[PDB]
Structures are given as structure tokens and as C-alpha cells.
>>> print(open('data14.pdb').read())   # PDB, C-alpha atoms (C1' of nucleotides)
ATOM      1  CA  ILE P   1      86.514  82.887 135.549
ATOM      2  CA  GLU P   2      87.417  85.324 138.334
ATOM      3  CA  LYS P   3      86.741  82.566 140.893
ATOM      4  CA  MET P   4      89.309  80.357 139.164
ATOM      5  CA  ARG P   5      91.776  83.286 138.948
ATOM      6  CA  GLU P   6      91.530  83.798 142.703
ATOM      7  CA  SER P   7      91.836  80.064 143.415
ATOM      8  CA  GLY P   8      95.126  80.193 141.511
ATOM      9  CA  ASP P   9      94.246  77.608 138.873
ATOM     10  CA  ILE P  10      95.008  80.212 136.170
ATOM     11  CA  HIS P  11      97.849  82.730 136.536
ATOM     12  CA  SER P  12      97.880  85.557 134.015
ATOM     13  CA  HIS P  13     100.281  88.343 133.095
ATOM     14  CA  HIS P  14      99.669  91.457 130.933
ATOM     15  CA  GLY P  15      96.048  90.420 130.742
ATOM     16  CA  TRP P  16      96.934  87.234 128.855
ATOM     17  CA  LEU P  17      95.473  84.229 130.691
ATOM     18  CA  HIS P  18      97.745  81.224 130.313
ATOM     19  CA  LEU P  19      98.172  78.195 132.540
ATOM     20  CA  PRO P  20     100.912  78.772 135.191
ATOM     21  CA  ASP P  21     102.821  75.900 133.562
ATOM     22  CA  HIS P  22     103.267  77.766 130.244
ATOM     23  CA  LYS P  23     106.712  79.193 129.714
ATOM     24  CA  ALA P  24     106.242  80.724 126.206
ATOM     25  CA  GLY P  25     109.054  78.381 125.216
ATOM     26  CA  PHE P  26     108.094  77.693 121.514
ATOM     27  CA  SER P  27     108.489  74.831 119.091
ATOM     28  CA  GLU P  28     111.322  73.443 116.990
ATOM     29  CA  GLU P  29     109.500  74.666 113.798
ATOM     30  CA  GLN P  30     110.815  78.152 114.778
ATOM     31  CA  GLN P  31     114.236  77.101 116.090
ATOM     32  CA  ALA P  32     115.189  75.412 112.785
ATOM     33  CA  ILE P  33     115.017  78.813 111.109
ATOM     34  CA  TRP P  34     116.610  80.516 114.168
ATOM     35  CA  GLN P  35     119.764  78.352 113.824
ATOM     36  CA  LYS P  36     120.614  79.580 110.326
ATOM     37  CA  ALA P  37     119.236  82.998 111.277
ATOM     38  CA  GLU P  38     121.741  83.119 114.247
ATOM     39  CA  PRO P  39     125.169  83.804 112.485
ATOM     40  CA  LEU P  40     123.384  86.048 109.972
ATOM     41  CA  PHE P  41     121.715  88.044 112.788
ATOM     42  CA  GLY P  42     125.000  88.177 114.693
ATOM     43  CA  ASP P  43     127.560  89.764 112.375
ATOM     44  CA  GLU P  44     124.919  92.446 111.290
ATOM     45  CA  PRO P  45     121.116  92.350 111.906
ATOM     46  CA  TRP P  46     118.731  93.262 109.017
ATOM     47  CA  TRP P  47     115.081  94.068 108.111
ATOM     48  CA  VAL P  48     112.258  91.456 107.956
ATOM     49  CA  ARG P  49     111.633  91.557 104.165
ATOM     50  CA  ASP P  50     115.356  91.085 103.613
ATOM     51  CA  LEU P  51     115.518  88.258 106.180
ATOM     52  CA  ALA P  52     112.631  86.466 104.449
ATOM     53  CA  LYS P  53     114.444  86.935 101.128
ATOM     54  CA  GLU P  54     117.687  85.513 102.585
ATOM     55  CA  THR P  55     116.210  82.316 104.020
ATOM     56  CA  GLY P  56     113.478  81.730 101.394
ATOM     57  CA  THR P  57     110.668  81.914 103.957
ATOM     58  CA  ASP P  58     107.354  83.754 103.620
ATOM     59  CA  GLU P  59     107.469  87.394 104.808
ATOM     60  CA  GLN P  60     104.496  87.150 107.202
ATOM     61  CA  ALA P  61     105.722  83.817 108.608
ATOM     62  CA  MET P  62     109.271  85.225 109.008
ATOM     63  CA  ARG P  63     108.063  88.429 110.748
ATOM     64  CA  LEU P  64     105.862  86.498 113.190
ATOM     65  CA  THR P  65     108.514  83.859 114.052
ATOM     66  CA  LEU P  66     111.042  86.647 114.682
ATOM     67  CA  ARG P  67     108.524  88.562 116.814
ATOM     68  CA  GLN P  68     108.351  85.437 118.940
ATOM     69  CA  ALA P  69     112.185  85.327 118.894
ATOM     70  CA  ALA P  70     111.977  88.923 120.184
ATOM     71  CA  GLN P  71     109.513  87.871 122.893
ATOM     72  CA  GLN P  72     112.221  85.401 123.931
ATOM     73  CA  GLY P  73     114.670  88.324 124.280
ATOM     74  CA  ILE P  74     117.014  87.531 121.373
ATOM     75  CA  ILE P  75     116.367  90.477 119.018
ATOM     76  CA  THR P  76     114.782  93.887 119.566
ATOM     77  CA  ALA P  77     112.773  95.946 117.088
ATOM     78  CA  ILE P  78     113.836  99.566 117.383
ATOM     79  CA  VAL P  79     111.010 100.383 114.945
ATOM     80  CA  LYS P  80     108.379  98.197 113.264
ATOM     81  CA  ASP P  81     110.032  95.554 110.962
ATOM     82  CA  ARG P  82     113.596  96.423 112.104
ATOM     83  CA  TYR P  83     115.272  93.951 114.444
ATOM     84  CA  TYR P  84     118.698  94.178 116.100
ATOM     85  CA  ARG P  85     120.814  92.160 118.512
ATOM     86  CA  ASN P  86     121.237  93.073 122.240
ATOM     87  CA  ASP P  87     124.969  93.849 122.083
ATOM     88  CA  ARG P  88     124.270  96.835 119.848
ATOM     89  CA  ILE P  89     121.387  98.063 122.040
ATOM     90  CA  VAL P  90     123.778  98.491 124.986
ATOM     91  CA  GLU P  91     126.117 100.206 122.493
ATOM     92  CA  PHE P  92     123.287 102.581 121.576
ATOM     93  CA  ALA P  93     123.168 103.401 125.239
ATOM     94  CA  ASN P  94     126.982 104.006 125.175
ATOM     95  CA  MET P  95     126.514 106.686 122.524
ATOM     96  CA  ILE P  96     123.598 108.285 124.377
ATOM     97  CA  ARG P  97     125.780 108.185 127.600
ATOM     98  CA  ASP P  98     128.092 111.009 126.480
ATOM     99  CA  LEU P  99     125.300 113.489 125.653
ATOM    100  CA  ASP P 100     124.159 114.637 129.110
ATOM    101  CA  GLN P 101     127.773 114.810 130.352
ATOM    102  CA  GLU P 102     129.503 116.367 127.341
ATOM    103  CA  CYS P 103     126.674 118.544 125.998
ATOM    104  CA  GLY P 104     123.800 118.750 128.482
ATOM    105  CA  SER P 105     121.388 118.590 125.541
ATOM    106  CA  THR P 106     120.434 115.969 122.979
ATOM    107  CA  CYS P 107     120.791 116.863 119.302
ATOM    108  CA  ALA P 108     121.356 115.052 116.032
ATOM    109  CA  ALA P 109     124.863 116.442 115.108
ATOM    110  CA  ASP P 110     126.774 114.052 117.327
ATOM    111  CA  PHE P 111     125.462 111.076 115.259
ATOM    112  CA  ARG P 112     128.063 111.938 112.616
ATOM    113  CA  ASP P 113     130.575 113.596 114.933
ATOM    114  CA  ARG P 114     130.853 110.717 117.481
ATOM    115  CA  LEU P 115     130.871 107.179 116.045
ATOM    116  CA  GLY P 116     129.529 107.421 112.477
ATOM    117  CA  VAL P 117     126.089 105.982 113.184
ATOM    118  CA  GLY P 118     123.527 107.359 110.747
ATOM    119  CA  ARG P 119     120.822 109.915 111.511
ATOM    120  CA  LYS P 120     117.971 107.527 110.557
ATOM    121  CA  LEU P 121     119.399 104.889 112.881
ATOM    122  CA  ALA P 122     119.979 107.288 115.812
ATOM    123  CA  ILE P 123     116.456 108.753 115.539
ATOM    124  CA  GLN P 124     114.802 105.306 115.486
ATOM    125  CA  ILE P 125     117.034 104.359 118.451
ATOM    126  CA  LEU P 126     115.707 107.440 120.248
ATOM    127  CA  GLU P 127     112.039 106.611 119.594
ATOM    128  CA  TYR P 128     112.702 103.037 120.802
ATOM    129  CA  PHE P 129     114.199 104.432 124.007
ATOM    130  CA  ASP P 130     111.405 107.018 124.335
ATOM    131  CA  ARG P 131     108.785 104.257 124.344
ATOM    132  CA  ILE P 132     110.995 102.267 126.765
ATOM    133  CA  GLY P 133     111.560 105.246 129.048
ATOM    134  CA  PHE P 134     115.346 105.484 128.671
ATOM    135  CA  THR P 135     114.811 109.046 127.371
ATOM    136  CA  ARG P 136     111.771 111.304 126.943
ATOM    137  CA  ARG P 137     111.163 113.997 124.344
ATOM    138  CA  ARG P 138     109.973 117.550 124.962
ATOM    139  CA  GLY P 139     110.642 120.441 122.479
ATOM    140  CA  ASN P 140     114.348 120.633 121.673
ATOM    141  CA  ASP P 141     115.626 117.962 124.142
ATOM    142  CA  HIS P 142     115.306 114.539 125.776
ATOM    143  CA  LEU P 143     114.858 114.145 129.554
ATOM    144  CA  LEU P 144     116.252 111.403 131.829
ATOM    145  CA  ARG P 145     113.632 110.905 134.530
ATOM    146  CA  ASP P 146     113.764 107.112 134.929
ATOM    147  CA  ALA P 147     116.793 105.454 133.342
ATOM    148  CA  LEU P 148     120.124 103.927 134.330
ATOM    149  CA  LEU P 149     122.022 105.924 131.667
ATOM    150  CA  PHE P 150     123.494 107.974 134.564
ATOM    151  CA  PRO P 151     127.008 107.171 135.817
ATOM    152  CA  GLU P 152     127.810 107.190 139.527
ATOM    153  CA  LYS P 153     129.754 110.465 139.319
TER
ATOM    154  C1'   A F   1      71.095 161.835  38.246
ATOM    155  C1'   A F   2      71.598 154.867  34.616
ATOM    156  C1'   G F   3      68.365 155.631  36.791
ATOM    157  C1'   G F   4      61.918 155.719  39.021
ATOM    158  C1'   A F   5      58.150 152.583  41.280
ATOM    159  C1'   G F   6      54.768 150.214  39.155
ATOM    160  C1'   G F   7      53.295 145.594  37.056
ATOM    161  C1'   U F   8      54.070 140.043  34.818
ATOM    162  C1'   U F   9      56.034 135.726  38.021
ATOM    163  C1'   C F  10      55.628 131.918  43.820
ATOM    164  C1'   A F  11      52.056 128.009  47.261
ATOM    165  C1'   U F  12      43.722 122.224  46.248
ATOM    166  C1'   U F  13      43.950 119.366  50.718
ATOM    167  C1'   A F  14      48.035 117.139  54.203
ATOM    168  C1'   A F  15      45.314 114.712  61.438
ATOM    169  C1'   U F  16      48.041 112.237  65.311
ATOM    170  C1'   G F  17      52.803 110.465  68.194
ATOM    171  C1'   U F  18      50.651 106.306  75.570
ATOM    172  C1'   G F  19      54.082 107.001  80.886
ATOM    173  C1'   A F  20      58.904 107.989  83.450
ATOM    174  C1'   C F  21      64.181 109.082  82.536
ATOM    175  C1'   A F  22      69.541 110.192  81.167
ATOM    176  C1'   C F  23      74.011 113.163  79.275
ATOM    177  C1'   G F  24      78.228 114.808  84.768
ATOM    178  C1'   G F  25      80.107 118.827  88.244
ATOM    179  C1'   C F  26      82.679 119.489  91.740
ATOM    180  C1'   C F  27      90.152 122.957  93.926
ATOM    181  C1'   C F  28      93.742 121.649  90.961
ATOM    182  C1'   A F  29      95.706 116.257  96.697
ATOM    183  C1'   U F  30      99.208 120.217  91.812
ATOM    184  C1'   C F  31     101.528 110.588  90.931
ATOM    185  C1'   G F  32     103.404 107.341  94.177
ATOM    186  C1'   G F  33     107.280 104.493  97.503
ATOM    187  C1'   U F  34     108.024 100.185 104.696
ATOM    188  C1'   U F  35     114.068 102.884  99.044
ATOM    189  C1'   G F  36     118.771 106.860  99.427
ATOM    190  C1'   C F  37     121.257 112.109 101.451
ATOM    191  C1'   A F  38     120.708 116.066 104.758
ATOM    192  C1'   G F  39     119.314 118.633 108.878
ATOM    193  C1'   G F  40     115.320 117.990 115.516
ATOM    194  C1'   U F  41     110.718 117.782 111.341
ATOM    195  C1'   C F  42     109.876 120.675 106.278
ATOM    196  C1'   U F  43     109.929 118.232 102.526
ATOM    197  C1'   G F  44     114.471 119.607  98.424
ATOM    198  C1'   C F  45     117.435 116.601  95.452
ATOM    199  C1'   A F  46     118.379 111.061  93.753
ATOM    200  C1'   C F  47     116.113 106.678  92.739
ATOM    201  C1'   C F  48     112.821 104.827  90.051
TER
END
>>> encode(input="data14.pdb", output="C-alpha cells")
Amino acid sequence: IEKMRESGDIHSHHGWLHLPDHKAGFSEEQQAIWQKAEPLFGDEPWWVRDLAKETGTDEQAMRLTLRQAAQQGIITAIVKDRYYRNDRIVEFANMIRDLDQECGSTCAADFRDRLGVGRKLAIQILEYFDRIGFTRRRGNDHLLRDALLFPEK
RNA sequence: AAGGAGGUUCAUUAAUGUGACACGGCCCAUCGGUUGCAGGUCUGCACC
């Protein structure tokens, strides 16, 4: 198998060995749900079990098809079973943006005193960004070793 | 001194039960839940 890898007959990424031709594109069978799922997802994203209830599709089927949708880059789970759009992820970064500059610490209080975004939401946002590397957590505060949150000045 | 310790009434014969084994004793987390409302992380009040 290694011999073929080195020849270049099989190109693999993240330890998954797929033919170089594969694009992880998907099938229509998924898209047909994703069309009705699109406006829904847009105006406010919601949880898996609720999604399945809204489109009359099996919970496990629905979660897996949306995980593939998320592999495509359409929706992001901030926490397991909770999926959002992209345009609100960048907005989550807009609210984290004012913390290092206005406070110099990261705390919960500003969830209610800045936009109105709930504590549960903000904390799951933070753990999503901690796994990503946008922020890191140590004792009382979050560090910024590797992100683009930083403005030029 | 309702008294005081004597006697009359109570026992023919009647052996044996193959092997192993139960009952079950310990903290008492003092229901849970991909649910709400708060706080930088413990649970307190609603839901149920």
C-alpha cells in the first residue's frame, strides 16, 4: 500500500485514503433535503432533532446528511448537534473582537451587556473557538496566541 | 395467727426418617432530562 502511495496512485489527506479524483462532492439524495433546508437554515439555524422534526426525516439520517453539509462548509456545529450558518460565525468573532481592546480580559458579563446574545450561546461559541484555536482558556481568561481576531492597530 | 404439713389423686409398651442446598446484605447516588434562568463552573429555582 505504501508503494502505491509513493507512486502517487492514491493521494490521501487526514489519514483517509481516497482516490485523487474524489472531491467529496456528494449525491442529489442529500441536496434534495438541502434545498428546503436552505431558507430554513438561513433566517435562523436550529438543532438536529428539531430539523428532523421540521422536514419529516429520520434523526440519524438528518444528522449525518447535515454533517456532510458541514464537511462541505455550509454549516458549522459550535457544539455537538448544534449547527449554524457562516455569517453568524464571523459575527461571533465581531463580539469577541471588542474584549481584548475594551476589557483586556474575557468574561461572561458582556454577553448581556453588548449585543444580547445568551450565556449558553456565548460559552458554546467559546468552546468552538477554543478547539479551533481562535481563543484558548487558562484560569480566568482566554489567550490569543494564533488567531486573526487582532486588528491592525 | 384462717390457718399447719401430711396424705387421697396423675402416666403397659410406642423403633426409624438416604445425600447436598436456600432465605439476602451491603451508604443512603439522598429519581431523572441532548429542556429553561443565572452567574466563569456549583448546582439553586422552573419545567416536567
>>> closest_atom_pairs(input="data14.pdb", of="chain P", to="chain F", cutoff="8 Å", atoms="only C-alpha atoms (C1' of nucleotides)", output="Markdown table")
| residue | atom | partner | partner_atom | distance |
| --- | --- | --- | --- | --- |
| P:107 | CA | F:40 | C1' | 6.7 |
| P:108 | CA | F:40 | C1' | 6.7 |
| P:140 | CA | F:40 | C1' | 6.8 |
>>> atom_distance(input="data14.pdb", atom1="atom CA of residue 33 of chain P", atom2="atom CA of residue 82 of chain P")
17.7 Å
>>> axis_aligned_box(input="data14.pdb", around="segment 2-11 of chain F", padding_each_side="3 Å", output="JSON")
{"center_x": 61.8, "center_y": 141.9, "center_z": 40.9, "size_x": 25.5, "size_y": 33.7, "size_z": 18.6}
>>> atom_distance(input="data14.pdb", atom1="atom CA of residue 78 of chain P", atom2="atom CA of residue 28 of chain P")
26.2 Å
>>> atom_distance(input="data14.pdb", atom1="atom CA of residue 147 of chain P", atom2="atom CA of residue 74 of chain P")
21.6 Å
>>> resolve_selection(input="data14.pdb", expression="the PyMOL selection byres ((chain P and resi 87) around 12)", output="PyMOL selection string")
chain P and resi 41-45+73-76+84-86+88-94
>>> closest_residue(input="data14.pdb", among="P:11, P:24, P:137, P:153", to="residue 123 of chain P", atoms="all atoms listed in the file")
P:137
>>> residues_around(input="data14.pdb", residues="residue 135 of chain P", least_positions_apart="2", cutoff="12 Å", atoms="only C-alpha atoms (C1' of nucleotides)", output="list in words")
residues 93, 96, 97, 99, 100, 105, 106, 123, 125, 126, 127, 128, 129, 130, 131, 132, 133, 137, 138, 141, 142, 143, 144, 145, 146, 147, 148, 149 and 150 of chain P
>>> residues_near_point(input="data14.pdb", point="(117.3, 82.1, 107.5)", cutoff="7 Å", atoms="all atoms listed in the file", output="count of residues only")
7
>>> residues_near_point(input="data14.pdb", point="(123.1, 113.3, 102.3)", cutoff="12 Å", atoms="all atoms listed in the file", output="PyMOL selection string")
(chain P and resi 112+118-120) or (chain F and resi 36-39+44-46)
